Structures are given as structure tokens and as C-alpha cells.
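Chains as they are written, first to last, in PDB author numbering: chain E, 5 to 375; chain F, 5 to 375; chain I, 160 to 211. Even for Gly, the Cβ is constructed at its ideal location relative to N, Cα and C. I have placed the structure first, in the form of C-alpha cells, so that the comments after it can refer back to it.
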Amino acid sequence: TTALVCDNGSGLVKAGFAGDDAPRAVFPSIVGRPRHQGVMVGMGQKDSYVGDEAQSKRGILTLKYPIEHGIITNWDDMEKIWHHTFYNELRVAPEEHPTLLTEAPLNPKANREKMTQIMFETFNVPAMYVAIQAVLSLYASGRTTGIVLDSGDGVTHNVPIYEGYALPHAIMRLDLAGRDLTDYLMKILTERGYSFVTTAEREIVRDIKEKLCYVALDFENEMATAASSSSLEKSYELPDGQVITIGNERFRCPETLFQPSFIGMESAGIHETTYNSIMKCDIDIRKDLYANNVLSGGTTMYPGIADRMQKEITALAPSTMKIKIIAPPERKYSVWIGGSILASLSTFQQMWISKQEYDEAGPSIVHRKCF
Amino acid sequence: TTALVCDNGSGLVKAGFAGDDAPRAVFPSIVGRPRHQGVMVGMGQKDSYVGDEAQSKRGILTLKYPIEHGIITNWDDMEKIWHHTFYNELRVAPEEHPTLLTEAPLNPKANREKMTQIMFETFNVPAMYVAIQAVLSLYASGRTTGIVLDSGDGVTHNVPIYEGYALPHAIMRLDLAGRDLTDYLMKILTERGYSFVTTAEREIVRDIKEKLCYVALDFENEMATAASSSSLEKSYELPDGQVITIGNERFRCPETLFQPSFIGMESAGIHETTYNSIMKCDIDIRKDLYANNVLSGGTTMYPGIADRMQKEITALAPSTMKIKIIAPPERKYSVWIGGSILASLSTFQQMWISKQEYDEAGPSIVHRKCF
Amino acid sequence: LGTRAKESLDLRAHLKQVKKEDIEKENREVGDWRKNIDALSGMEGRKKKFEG
Ligand SMILES: Nc1ncnc2c1ncn2[C@@H]1O[C@H](COP(=O)(O)OP(=O)(O)O)[C@@H](O)[C@H]1O
Ligand SMILES: Nc1ncnc2c1ncn2[C@@H]1O[C@H](COP(=O)(O)OP(=O)(O)O)[C@@H](O)[C@H]1O
Ligand SMILES: [Mg+2]
Ligand SMILES: [Mg+2]
């Protein structure tokens with residue numbers, strides 16, 4: 005039979021059968037209970053709208069993501085999300101399909117063990133396998149080397165790989181991602197008068213960020229230009245009218261990636277953690293990693309980031325090496341495409357964690373040889 | 005058995021069995037004791053004529069409404085009105101019929117508790133339920149969202165509802181209604197020479213208001229036109245002859261709705277309390293409320309109000325949203341039609357306040373789960 | 160889009176059915192009187208009004 009390549013993510017759940025080009029169903033991972041009282045009788049009001057249904061009734065819900073930073077903080081809601089994904093968005097019972105979840109690097113063990121225990125006890129799948137979210141993104145590019153920066157919505161991690169041999173001592177995981185950029189944008193919009201507070205209006209700020217923000221090639225020059233002319237002010241129409249005008253908030257929101265001091269984080273930007281991740285590698289594979297830097301994940305879709313990052317790394321790196329940044333147009337679904345490719349391989353067909361194996365060793369089987 | 009859908013109202017009591025299209029008996033709610041001496045013996049003169057009987061002998065009575073502004077100020081008279089409604093206008097003993105009263109929002113608790121205590125002790129009904137007068141008017145329109153402006157004769161209230169979830173923090177109750185318009189019309193008629201003082205002549209002024217007054221689309225232009233031409237002066241024949249001619253009093257009486265400063269009230273008109281009630285709602289359900297504005301209640305029957313209100317709200321609201329005002333031709337009985345629909349539902353059949361429940365918790369049961 | 164249209168139409172139709180059921184249910188309350196006349200050319204009572 006065919007395998008189910010699910011990809012929990014944090015912000016958008018992407019799923020679909022193995023062997024295709026794009027995920028079959030992509031929908032936000034939010035579960036929102038209603039918060040008001042409700043007076044109409046017999047309206048058929050449910051107790052929790054999940055997935056894309058709660059992005060249409062969000063006016064009277066309190067949306068809450070079940071995955072904070074890679075890790076899962078609310079297991080009941082995550083179980084509800086998985087149940088919805090299997091039964092309503094794909095309509096395939098899990099009793100007859102292997103599953104291939106994905107997990108960020110350096111995550112707590114208990115999260116992974118609970119994930120496998122749920123998949124084997126509640127949904128009762130035949131066999132499931134957990135894979136690191138960066139190796140898949142490297143599969144999708146058709147490479148076999150390269151250092152991949154997978155800046156998702158929950159957590160940004162940077163896994164270097166050479167000739168198929170991952171370097172476990174050079175993984176640099178940073179917890180700045182799309183959600184913190186949304187919060188920072190929502191916080192700097194208040195400097196013009198627009199106040200978004202409700203958890204429903206966070207979605208509106210996210211839409212503003214997606215449609216308007218861009219990464220500046222040079223920050224100081226853009227700050228000077230936006231403060232003199234008015235060629236940058238782009239307007240946007242809220243879900244009820246009252247258009248708003250975003251000035252130099254456009255390139256200040258995604259600039260937080262390269263200067264995490266804006267949101268008070270100490271660490272260095274995504275332009276310098278990649279160079280540090282390279283320098284921890286051996287001295288003889290640094291040229292190949294320099295030449296095959298891969299971008300993935302949703303947050304790396306800002307217009308103009310593949311040039312800013314290349315300029316920064318070229319500034320840091322030695323002058324002789326060639327710096328090349330691979331930015332495929334299908335960046336958002338790169339991890340899932342790689343997952344489909346991996347699940348479609350014949351050599352991989354014996355790496356699944358078969359159910360009888362789980363019955364013999366318990367949920368701690370995932371840390372064992374079947375990784 | 006069938007349920008009795010009574011609707012106390014203030015000015016017209018509307019009642020009838022559940023499941024029909026129109027109330028069976030509609031009659032003014034006035035109780036008038038005779039005031040003169042009376043010399044004929046054996047004429048069979050009663051001590052209080054209630055309902056529609058006192059609108060024919062009103063020449064020698066002192067009519068007094070038992071409901072001032074939604075609240076009930078004279079419980080003995082209200083009990084008399086209910087007794088008349090049950091026994092003479094419907095001729096069904098209340099011992100064998102559930103009742104569904106209606107109550108304005110934000111009313112004193114003691115009024116509701118006394119109402120249920122009367123219905124359970126004096127008339128001894130099997131089970132009664134109290135419902136907010138605006139949710140029913142929303143039922144009758146066949147919608148499930150929308151903000152309903154129920155401008156009755158006692159009190160005008162504006163309850164917004166979305167997807168069946170009422171928003172309790174956005175109810176704007178204003179005490180200007182048809183009765184104050186009658187008093188203001190009676191007060192401005194004195195500018196031509198016609199003086200109505202007796203409580204019986206208030207009914208004549210009410211008839212004048214119903215048959216002649218209309219809401220102007222633009223107030224200043226109408227004031228200028230009525231002061232130059234004479235195309236507006238419509239005449240009306242009193243109950244004894246001596247026709248009267250109403251000039252620019254025609255559109256000045258119902259204009260008080262949009263400018264409550266005429267009768268000295270501070271608050272804003274019904275055109276601006278609706279917009280304020282909308283703006284208190286969440287930012288994502290404002291479009292739906294804009295598109296589904298519902299009118300109900302008797303006082304919203306003035307010829308030309310559904311255009312003036314739309315013009316005013318379109319002036320206030322953002323230019324992109326579409327403003328639509330639902331004004332069904334059966335506006336007056338909208339609340340009662342909705343009450344019949346609600347009482348006819350199967351899902352609602354277990355929400356009644358059964359008598360044994362009242363015996364166990366006292367009259368304060370109404371504020372509890374059985375709302 | 161088709162699913163959203165279907166759900167909206169289903170809700171609207173259900174509400175309309177709930178209304179229309181009772182709309183057709185008790186519509187005979189319109190039965191009332193017309194109070195016609197017959198000229199009463201056969202009243203020949205006596206003057207004995209003591210009841211008033
Ligand atoms: N076109 C875009 N432009 C800018 N940011 C985007 C765009 N699309 C998605 N994002 C950001 O990326 C996030 C989605 O990232 P995604 O790759 O789905 O995370 P995950 O790894 O959990 O699947 C969204 O929250 C959004 O903030
Ligand atoms: N055709 C009409 N035109 C103008 N005003 C009307 C009309 N019919 C009723 N009204 C006003 O509405 C009042 C009746 O309102 P109603 O809806 O019966 O109040 P309630 O909510 O107490 O039932 C009357 O007092 C009258 O002033
Ligand atoms: Mg991801
Ligand atoms: Mg009313």
C-alpha cells in the first residue's frame with residue numbers, strides 16, 4: 005500500500021500520500037473553542053473547530069496553537085488535529101497506512117516517545133517512522149551534501165550534512181522563527197495607532213506580514229530612505245475596511261532574523277549562526293558547505309532574503325570561497341516533498357518501526373536503531 | 005399539547021398558539037377604571053375594563069398602561085391583563101398549556117422573578133420559559149447572524165448576534181420608543197392650536213402618529229420645503245369632526261429617533277447606537293453584522309425609515325463594507341412569529357422550566373441554567 | 160468554495176424549514192367574523208327595560 009507522509013510542523017500541517025509533488029491538504033494547526041454564550045438553539049454548534057474551519061469562524065473563537073516551539077505542549081489538542089487530518093482532510097483510515105512524521109532536531113525525548121505511543125495506540129497505524137526535518141529538505145533539493153537552514157514557523161535549525169554523513173556536533177538550533185516575527189510586527193504596528201490584541205487578530209497581522217514585509221538588502225540605507233521619501237508606504241485593507249499604511253515597518257519586522265537583539269534575544273542572526281555551524285565542521289568540507297547552502301521552510305520566503313544572506317556570508321567568509329545560496333521556488337513544501345521522496349524509496353522500506361517491534365520494546369524503541 | 009406563545013410587550017399584547025403565522029388576539033394593554041359617578045341603576049357597570057373593551061368606552065375612563073418601560077410597575081393590573089388574555093381572548097385554561105413569555109434585555113431581575121412566580125402560583129401553568137425579545141426577531145427572519153434593532157413601544161434595544169453566539173457586552177438598550185414619540189407629537193401639536201391633555205386623547209394622538217407621520221430622508225431639505233410650499237399638509241378627521249391639518253409636524257415627530265436631543269435625551273440616535281453596538285464587537289464579524297442589519301418592532305414601521313437608517317449607517321461605516329437593512333413587511337409581529345417558531349422546535353422541548361424544578365429552587369430558578 | 164456554499168445554503172434552508180413548518184402549522188387563526196346584516200324586520204318587543 006501507499007504511505008502517509010504527514011508533517012506536523014508548527015503553524016501549517018502538511019499531509020499527503022507518498023509519491024506526489026505537493027501535499028494534498030494544507031491547513032493551519034489551530035483548535036479554537038467558542039468563547040461567547042450562544043443563544044440560537046439547534047444551530048448545531050460544535051465544541052471545538054479545528055483546522056481550516058476555525059479560520060473562518062475566528063471572530064467568535066479563541067484560537068490556540070497546540071505546538072509552541074517544535075515541542076508539543078497540549079497533547080489532547082494535537083490528538084484532535086491528527087484525527088481531523090486523517091479522517092476529514094484525507095479520508096483514509098490509519099489502520100491501513102504507514103506514517104512518516106517529522107520532528108525538529110534537539111527536541112525533548114518525551115515528545116517523540118509520546119508521539120509514537122499515540123500513533124500506535126490511538127490511531128493504530130501499521131508502522132511509523134520519525135525523521136529530522138532538515139534531511140528531508142536536503143532530499144528535495146536532489147543534493148547529497150550541503151548545510152540546510154530550515155527556518156520554519158516554530159523553530160529555526162541549521163543542520164550541516166556532507167556526503168550523507170550528518171555532523172551531530174554542528175547542529176545550531178535557534179528558537180526565533182515566524183511566530184516571533186508575527187509578535188514583533190504586531191508590537192511595532194502600535195507605533196502608528198493600529199492595536200491588534202485578540203488572538204484572532206494575530207492572524208490578520210500574520211497576513212500583513214506575509215503580503216507586505218520584505219528583507220532589506222542594506223538596513224541603514226533603507227531606514228534612511230523610508231525616513232525621507234514615501235515610496236515605500238504600501239496600504240492594506242483590513243477584513244472590514246479602514247485601510248492601513250505600513251511605512252518602515254515593512255523591512256523592520258523580518259530584519260529581526262539577522263539581528264535577534266530586536267526582540268531581546270541574545271544570539272546572533274541567521275546570517276552568523278550558519279557561518280558558525282560551518283566553522284565547527286572539519287577543515288576539508290567547508291568549501292562544499294559554502295557552495296551548497298540550502299534554504300528551506302516557510303519563513304525563508306521573504307522577498308530579497310537570498311541576496312541579503314549571501315551578502316552577509318560573503319562578508320564573513322574568506323574571500324576565495326564561492327558562496328552560493330540554493331533557494332528553490334517550492335521552498336514552503338520542500339520538507340514534505342523530501343518526505344515523499346524518502347517514503348517512496350525501496351531501500352528505505354525496511355526501516356519502518358513495525359508494530360510487533362513496538363510491542364516488544366515499548367515506546368522507547370524510537371531512540372534505538374530504528375531512529 | 006400545544007404551547008401558548010404570549011408576548012407581553014408594552015402597548016399591544018400579542019398572543020396565540022405555537023405553530024401559526026400570526027397572533028390570534030392582539031389588543032392594547034390598558035386597564036381603565038371609570039372616573040365619573042354613574043346614575044343609571046342596573047346598567048351592569050364593571051369596575052375595570054381591560055384590553056380592547058376600554059378602547060371603546062375610553063370617553064369615560066382613565067386608561068393607564070401597566071408596563072412603563074419594559075419593566076412592570078403595577079402588578080395587579082398586569083395580572084388582570086394576563087387573566088383576560090388567557091380566559092377571554094383565547095378561552096384556554098392555563099392549567100394545560102406551557103407558556104413562553106418575552107422580556108426586554110437588561111431588565112430588573114425582580115420583574116422576571118415576579119413574572120414567573122405569578123405564572124406558577126396564580127395561573128398554575130405546567131411550565132413557562134422567558135426569552136429575550138431580540139433573539140426571537142432574529143428567528144423570524146430565518147437568519148442565524150445579524151444585529152437586530154427592536155424598537156418597540158416601550159424600549160428600543162439593539163442585540164448583536166453572530167453564528168448563534170450572542171455578544172452580551174454589546175447590547176445597547178435605549179429607553180426612547182413609541183410612547184415618547186407620542187408624547188412629543190402631542191407636545192408639538194400645540195403649536196397650531198390643538199391641545200390634547202386627557203389620557204384618552206393620547207390614543208387619538210397615537211392614531212394621528214400612526215396614520216400620518218413619516219421619516220424624512222433628509223431633515224433640513226424637508227424642513228425647508230415644508231416652510232415654502234404646502235404639498236405636505238395632510239388633514240385628518242377627529243372622532244367628532246373638526247378636521248386638523250398637520251404641517252411639518254409630520255416628519256418632526258419620528259425624527260426624534262435619530263436626534264434624541266429633541267425630547268431632551270442626551271444619547272445618540274438609533275442610527276448611531278447601532279454603529280456603536282457593531283464597533284464593540286470583534287474585528288472579524290463586523291462585515292457580517294453590517295450586511296445583516298435587521299429591523300423589528302412596531303415603531304420601525306414608519307414609511308421611509310429603512311432608507312434613512314441605511315443612509316446614516318453608510319455615512320458612518322467604512323466605504324468598502326456593504327450596508328443592508330432587512331425590513332420584512334411583517335415587522336410588527338416579527339417577535340411573536342419568532343416565538344412561535346422557537347416554541348415549535350423539538351430541540352427546545354426540554355428547556356422549559358418544569359413546575360417541580362420551581363418547587364425545588366423557588367422563583368430564582370429563572371436566572372439559573374434554565375435561562 | 161462548493162462546500163462553503165453548501166453549508167451556508169443548508170443552514171439557511173434548515174432555518175427556513177423550521178420557520179415555515181409553524182408558518183403553515185397554525186395559519187387558521189385568521190378565521191374570524193364578518194358581521195353581516197339581515198335588516199331585522201321582525202323585532203316586535205315590548206317596553207319593559209328594567210335591566211337597563
Ligand atoms: N509567502 C510568505 N512570505 C512570508 N512569510 C511566510 C510566507 N508563507 C509563510 N510564511 C511564514 O511561514 C510560516 C509557515 O511556515 P511553515 O514552513 O509552514 O512552518 P512549519 O515548518 O511548521 O510547516 C507562517 O507562519 C508565516 O509566518
Ligand atoms: N403602522 C405604524 N406606523 C407607525 N407607528 C406604529 C405603527 N404601528 C404601531 N406603531 C407604533 O408602535 C407601537 C406598537 O409597538 P409594538 O411592537 O406593539 O410594541 P411591543 O414591543 O410592546 O409589542 C404603537 O404604540 C405605535 O406607536
Ligand atoms: Mg517545517
Ligand atoms: Mg416588542
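Between the alpha carbons of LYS215/F and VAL209/E, how many angstroms are there, rounded?
Distance between the alpha carbons of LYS215/F and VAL209/E: 53 Å.
Kindly list, in the order they appear in chain I, the residues whose Cβ is closer than 7 Å to that of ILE345/F.
For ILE345/F, the neighbours in chain I by C-beta distance under 7 Å run, in chain order, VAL177, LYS178, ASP181.
Please decide whether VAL339/F counts as near chain E, where near means a Cβ-Cβ distance under 9 Å.
For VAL339/F, not one C-beta of chain E is nearer than 9 Å to its own C-beta.
For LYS18/F, which residues does DSSP report across the bridge?
For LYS18/F, which the question treats as bridged, DSSP gives the partners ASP11/F, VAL30/F.
Would you mind reading off the limits of the alpha helix (DSSP H) that contains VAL139/F?
Counting along the chain, the alpha helix (DSSP H) containing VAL139/F begins and ends at 137 to 144.
Are the C-beta atoms of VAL139/F and some chain E residue less than 9 Å apart?
It does; some Cβ of chain E falls within 9 Å.
So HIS161/F and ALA138/F are supposed to be a Cβ contact under 8 Å. How far apart are they, rounded?
Their Cβ separation, rounded to whole angstroms, is 6 Å, which keeps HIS161/F and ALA138/F in contact under 8 Å.
Check whether the Cβ of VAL189/I sits closer than 8 Å to any heavy atom of ligand 4, and report yes or no.
For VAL189/I, the shortest C-beta to heavy atom distance toward ligand 4 is 8 Å or greater.
Shell residues, 5 Å Cβ cut-off relative to heavy atoms of ligand 2
The set of residues with any CB-heavy atom separation to ligand 2 below 5 Å comprises, in chain order, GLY13/F, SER14/F, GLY15/F, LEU16/F, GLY156/F, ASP157/F, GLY182/F, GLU214/F, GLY301/F, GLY302/F, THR303/F, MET305/F.
Roughly how far, in whole angstroms, is the beta-carbon of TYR188/E from the beta-carbon of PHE266/E, given that I think they are within contact range, below 8 Å?
Sure, about 7 Å apart at Cβ, within 8 Å.
CA-to-CA distance, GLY366/E to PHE375/E, given in whole angstroms:
Their backbone Cα atoms lie some 14 Å apart in a straight line.
Taking 8 Å as the line, does the beta carbon of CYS10/E fall inside it for any heavy atom of ligand 1?
It does not: the Cβ of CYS10/E is nowhere closer than 8 Å to a heavy atom of ligand 1.
Pair within 9 Å by beta-carbon distance, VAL43/E and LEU349/F
The criterion of a C-beta distance shorter than 9 Å is not satisfied by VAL43/E and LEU349/F.
Can you tell me the Cα-Cα spacing of residue 387/E and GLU167/F, whole angstroms?
With chain E represented from 5 up to 375, any question about residue 387/E goes unanswered, as that position is not in the structure.
Check the DSSP bridge columns for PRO164/F and list the partner residues they point to.
DSSP links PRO164/F through a beta bridge to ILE151/F.
Answer with yes or no whether the minimum CB distance from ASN195/I to chain F is below 9 Å.
So no, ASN195/I is outside the interface.
Continuous beta strand (DSSP E) stretch holding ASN297/E: start and end
Run containing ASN297/E: 297 to 300, per the beta strand (DSSP E) assignment.
For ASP292/F, the nearest candidate out of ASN280/E, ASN297/E, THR194/E, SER60/E (CA to CA):
Among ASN280/E, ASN297/E, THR194/E, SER60/E, the Cα nearest to that of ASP292/F belongs to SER60/E.
Chain-order list of residues whose beta-carbon lies under 6 Å from that of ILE136/E (same chain, five-residue window excluded):
Apart from the 5 residues on each side of it in sequence, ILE136/E sits with its Cβ closer than 6 Å to the Cβ of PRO109 in its chain, given in chain order.
Quick check on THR148/F: buried or exposed, where buried means 16 or more other Cβ atoms within 10 Å of its Cβ?
The C-beta of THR148/F has 16 or more other C-beta atoms within 10 Å across all chains shown, which makes the residue buried.
Partner residues on chain I for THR148/F, Cβ-Cβ distance less than 7 Å
Those within 7 Å of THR148/F in chain I are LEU170, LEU174.
Quick one: which chain I residues come within Cβ less than 8 Å of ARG28/F?
Correct list: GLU188.
Contact criterion: CB-CB distance below 9 Å. Does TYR166/F meet it with respect to chain I?
By this cut-off, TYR166/F is not an interface position.
When DSSP labels each residue in this structure, what does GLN360/E get in the three-state scheme?
Secondary structure at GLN360/E: helix, using DSSP grouped into helix, strand and coil.
When we look at the beta-carbon of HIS88/E and count the other beta-carbons within 10 Å, is it buried (16 or more) or exposed?
With at least 16 other beta carbons inside 10 angstroms of its own, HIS88/E counts as buried.
Residue(s) in a DSSP beta bridge with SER239/E
Answer is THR249/E.
Of the residues that make up the region 151 to 176 of chain E, which ones have a beta carbon closer than 9 Å to any beta carbon in chain F?
Flagged: no residues at all.
Mind checking which residues open and close the beta strand (DSSP E) that includes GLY36/F?
Taken as a continuous stretch (DSSP letters only), the beta strand (DSSP E) holding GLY36/F covers 35 to 38.
Within this structure, are the beta carbons of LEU104/F and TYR143/F separated by less than 9 Å?
No, the Cβ-Cβ distance between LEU104/F and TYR143/F is not below 9 Å.
Does any heavy atom of ligand 1 sit closer than 8 Å to the C-beta of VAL45/E?
Judged by the Cβ position, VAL45/E fails to qualify as a neighbour of ligand 1 at the 8 Å threshold, every heavy atom of the ligand being at least this far.
Residues that DSSP places opposite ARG177/E in a beta bridge
BP columns for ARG177/E point to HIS161/E.
Is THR106/E near ligand 3, in the sense that its beta carbon is under 8 Å from a heavy atom of that ligand?
Yes; taking the cut-off as 8 Å, the Cβ of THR106/E has a heavy atom of ligand 3 nearer than that.
Leaving out five residues on either side along the sequence, give the residues of the same chain with a beta carbon under 8 Å from the beta carbon of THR186/E.
Hits under 8 Å: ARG206, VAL209, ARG210, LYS213.
Leaving out five residues on either side along the sequence, give the residues of the same chain with a beta carbon under 7 Å from the beta carbon of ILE76/F.
So the qualifying residues of the chain are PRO70, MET82, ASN115.
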